[PDB]
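Shown below, as structure tokens, is a lone chain in the form deposited in one PDB entry; questions about how it binds or moves come after it.
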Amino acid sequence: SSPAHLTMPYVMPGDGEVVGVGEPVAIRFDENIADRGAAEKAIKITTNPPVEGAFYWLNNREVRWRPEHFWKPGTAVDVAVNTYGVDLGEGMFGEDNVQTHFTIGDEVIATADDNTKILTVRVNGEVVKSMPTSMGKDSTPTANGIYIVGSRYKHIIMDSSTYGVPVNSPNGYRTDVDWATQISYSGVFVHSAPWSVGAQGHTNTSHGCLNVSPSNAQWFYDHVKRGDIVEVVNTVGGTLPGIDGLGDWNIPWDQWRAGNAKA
């Protein structure tokens, strides 16, 4: 198989998953797609209850599809990527078809307000939990906007070595973190921060992550799922880029729906 001439699609969420109301459909190709319009035409997304949605490309290989507003809980989504033998541009053909079926679970929206420094978790519109947080310092602030819950980790190592920065160096690090819920590809997590417990709810002290107590971070880890939402408001930061990877909802609908198949 030639990487220039054959490409395989991969769809997320996986088959049979239950995801949050912020989860887009993601179709990722293992090669660059020259004809984005062809790829979009080959993908059929069925929703029940039916809802309008549209495609937007985050990069040369990954397209996302979502509705204008957060999904309605209980919605069933069927995705048919019918790319087998389809010309995806410049002598590049789809290698296979892929399918997924998934459903949307409860609406879970956690709001962090820099005025109160509380992260308030709402489930189907009802407050179920409040937790003190310490967000990014004025000089390294947490960006405002809408974040989608991604991967979670009971334990994770943030290692500078991965970026070529040696651990034993001024900017180097090899850091152990518990109960880490990823909310941006750029590396924003909700996580256990035993080191900032006294500041949580009061003063911002972090590098941009949402520091919470060990117990509250375990709670968060236990009670969220992929596609749930974290909203950050009133920080001195900018807005999370729409093309972060988990920042899809920061792109206004009129921009999203116009797409970038020809842009």
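What we label the rigid core is the largest C-alpha set whose atoms superpose within 1.5 Å from one form to the other. Position 1 is the first residue in the sequence shown; the rest follow in order. Only residues modelled in both forms are compared.
A second form of this protein, the form deposited in another entry, is not displayed here; the remarks below concern that form.
Engineer: For the core superposition between this form and the one not shown, please identify the residue among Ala76, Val165, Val128, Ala80 whose CA shift reaches 2 Å or more.
Structural biologist: The residue that shifts is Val165.
Engineer: When the two forms are laid on each other by their rigid core, does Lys137 show a Cα shift of 2 Å or more between this form and the one not shown?
Structural biologist: It does not reach a 2 Å shift.
Engineer: My question is whether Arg174 is one of the residues whose C-alpha shifts by 2 Å or more between this form and the one not shown, given a fit on the rigid core.
Structural biologist: Indeed, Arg174 is displaced by 2 Å or more.
Engineer: What stretches, three or more residues long, have all their C-alphas moved by 2 Å or more between this form and the one not shown when the rigid core is held in place?
Structural biologist: Moving region between this form and the one not shown: 158 to 175, nothing else.
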